[PDB]
Amino acid sequence: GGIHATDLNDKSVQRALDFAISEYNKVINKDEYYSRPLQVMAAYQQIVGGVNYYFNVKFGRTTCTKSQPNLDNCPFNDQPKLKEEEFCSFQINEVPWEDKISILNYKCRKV
């Protein structure tokens with residue numbers, strides 16, 4: 001039941017992160033432009049009935065609108081006062097055998 005540090009080079013860890021980014025852009029952040037991670041610290045914890053992932057993520061605003069097909073490889077806005085970076089911590093729970101995943105808690109603060 002302990003929480004261990006891990007990297008993004010793990011298929012499962014990546015999927016959990018993608019879910020956090022999607023939720024950040026869809027529900028938490030209200031900007032017109034898409035934000036993606038500048039930094040990420042990850043940890044995981046195995047519990048009865050699933051696994052929890054913990055992420056400390058620093059988001060940066062990109063030059064892509066949230067409504068355009070291609071994203072992820074979107075350049076970050078590099079203009080003064082238009083960066084709009086934010087640090088968020090996410091607690092994500094998944095059931096590694098039922099395709100179930102959800103956000104348990106999160107806290108964001110602009111950098």
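Starting from 1, each residue takes its place in the sequence as its number. What you see below is based on every heavy atom in this structure, not just the backbone, and it leaves out hydrogens, waters and symmetry mates.
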### Query
When the ring planes of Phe90 and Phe59 are compared, do they come out parallel, tilted or perpendicular, using 30° and 60° as the limits?
perpendicular

### Task
Could you pull out the closest heavy-atom pair between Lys30 and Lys26, with the gap in Å?
NZ-O, 4.5 Å

### Message
If hydrophobic clusters are built from ILVMFWY residues whose side chains come within less than 4.5 Å, do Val13 and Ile3 share one?
### Response
no

### Message
Less than 3.5 Å apart, any donor N or O on the side chain of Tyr106 or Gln91 sitting next to an acceptor on the other?
### Response
no

### Message
Quick check against the 3.5 Å criterion: does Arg61 have a side-chain atom that pairs as donor or acceptor with the backbone of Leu82?
### Response
yes

### Query
How far apart are the closest heavy atoms of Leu71 and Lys66, and which atoms are they?
CD1-O, 4.4 Å

### Closest approach of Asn77 to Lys83 (non-hydrogen atoms, all atoms of both residues)
O-CD, 3.4 Å

#### Entry: CG on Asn70 to CD on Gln68, rounded to 0.5 Å
7.5 Å

### Task
Determine the minimum heavy-atom distance between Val40 and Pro37, stating which atoms define it.
CG2-CB, 3.6 Å

### Taking every non-hydrogen atom, the tightest pair across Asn29 and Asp31
ND2-N, 2.8 Å

### Message
Once rounded to the nearest 0.5 Å, what's the spacing between atom CD of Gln45 and atom CG of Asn93?
### Response
9.5 Å

### Message
Can you tell me how far apart OH (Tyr53) and CG (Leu104) are? Round to the nearest 0.5 Å.
### Response
13.0 Å

### Salt-bridge criterion met for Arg15 and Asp99 (N-O under 4.0 Å)
yes

### Distance (rounded to the nearest 0.5 Å) between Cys64 SG and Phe76 CZ
10.5 Å

### Message
Could you check whether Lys58 pairs with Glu85 (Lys NZ or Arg NE/NH1/NH2 to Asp/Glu carboxylate O, under 4.0 Å)?
### Response
yes

### Summary
Result for side-chain contact (heavy atoms from CB on, under 4.5 Å) between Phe87 and one of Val57, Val111, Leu38 points to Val111

### Message
Within this structure, what is the CG-OH distance for the pair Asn105 and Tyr54, rounded to the nearest 0.5 Å?
### Response
10.0 Å

### Message
Hydrogens and angles aside, do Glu86 and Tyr24 bring a side-chain donor and acceptor to less than 3.5 Å of each other?
### Response
yes

### Task
Please answer whether the main-chain N or O of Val95 pairs with a side-chain N or O of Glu98 as donor and acceptor at a distance below 3.5 Å.
no

### Message
Test your reading of the model: is there a side-chain donor-acceptor pair from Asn25 to the backbone of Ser35, 3.5 Å cut-off?
### Response
yes

### Message
Main chain of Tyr34, side chain of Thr62: is a donor-acceptor contact present, judged purely on distance under 3.5 Å?
### Response
yes

### Within one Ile-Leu-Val-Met-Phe-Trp-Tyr cluster: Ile92 and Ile28, side-chain cutoff 4.5 Å
yes

### Message
Pair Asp10, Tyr44 - check side chain to side chain contact (heavy atoms under 4.5 Å, CB included), show working.
### Response
CA-CA 11 Å; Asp10 179 294; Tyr44 73 89; over 6 Å; no

### Message
Ignoring hydrogens, what is the shortest heavy-atom contact between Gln14 and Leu8? Give both atom names and the distance.
### Response
CG-O, 2.6 Å

### Query
To the nearest 0.5 Å, how far apart are OG in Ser102 and CD in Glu94?
9.5 Å

